[PDB]
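*Asks:* I'd like to ask you about the structure that follows.
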Amino acid sequence: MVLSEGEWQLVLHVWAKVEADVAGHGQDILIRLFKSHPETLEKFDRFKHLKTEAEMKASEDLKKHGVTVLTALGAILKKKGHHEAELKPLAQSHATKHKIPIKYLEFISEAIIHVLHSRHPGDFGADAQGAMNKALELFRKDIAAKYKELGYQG
Ligand code: HEM
């Protein structure tokens, strides 16, 4: 809800390792999301036809969308909570057009933490994880509040 400066530094330090391979991370993240919560796949008319993990990894458009996710997320994270203006378009499209429940944001948050562990086994320790979890939570809580402001959910 409020991150210390240290936690924000941890988040941005970790995020710089995402930005080193945005496509790899975004692809993995979407794949983990889709494998651990298949219900989220059917939200994607572009991808709902992808079943095996090998198929999803061969989907360039899935990779492209991973980039879109993470670049949008990274722009938000870099604001260190001052992401009001960056969230509204995301909240708007995910509440009203995509109809994404906040719970689905929790699933992708888990998929982010998981993927960061499997791509950075020595770089993503307990502190960095706590910091990243708090950042994604704040993100999810603020998105929740922006849903409510658009008159949606919860
Ligand atoms: C960190 C969390 C997330 C971020 C930053 C994010 C970001 C974005 C962005 C930038 C777009 C493109 C512009 C737009 O449509 O608003 C998009 C589209 C979309 N998002 Fe998300 N998203 C997140 C979580 C999710 C989750 C968890 C789901 C569903 C389970 C989802 C479903 C969709 C869908 C269906 C689209 C349209 C896809 C398409 O047009 O092919 N999003 N998202």
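Numbering starts fresh at 1 for the residues of each chain in the structure tokens, the chains themselves are lettered A, B, ... in the order given, and ligands are numbered from 1 as they appear.
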Tell me which protein, DNA and RNA residues are within 10 Å of residue 14 in chain A, counting only C-alpha atoms, leaving out same-chain ones fewer than 3 positions away, and put them as a list in words.
*Replies:* residues 8, 9, 10, 11, 17, 18, 19, 116, 120, 123, 124, 128, 129, 131 and 132 of chain A
*Asks:* Kindly provide, as a ChimeraX atom specification, all nucleotide and amino acid residues lying within 9 Å of ligand 1, counting only C-alpha atoms and all ligand atoms.
*Replies:* /A:30,33-34,37-47,61-62,65-76,87,89-94,97-109,112,136,139-140
*Asks:* Kindly give the distance, in Å, that separates CA of residue 84 in chain A and CA of residue 150 in chain A, rounded to a single decimal.
*Replies:*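 Calculated distance between CA of residue 84 in chain A and CA of residue 150 in chain A is 13.6 Å.
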*Asks:* My list of candidates is A:77, A:95, A:135, A:31. Which is closest to residue 154 in chain A when distances are computed with only C-alpha atoms?
*Replies:*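 Using only C-alpha atoms, the shortest distance to residue 154 in chain A belongs to A:95.
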*Asks:* Using DSSP secondary structure from the backbone, list all alpha helix (DSSP H) positions within range 55-111 of chain A, as an MDAnalysis selection string.
*Replies:* chainID A and resid 55:58 60:78 84:92 102:111
*Asks:* Interatomic distance between CA of residue 54 in chain A and CA of residue 121 in chain A?
*Replies:*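 Value for the CA of residue 54 in chain A-CA of residue 121 in chain A distance: 22.7 Å.
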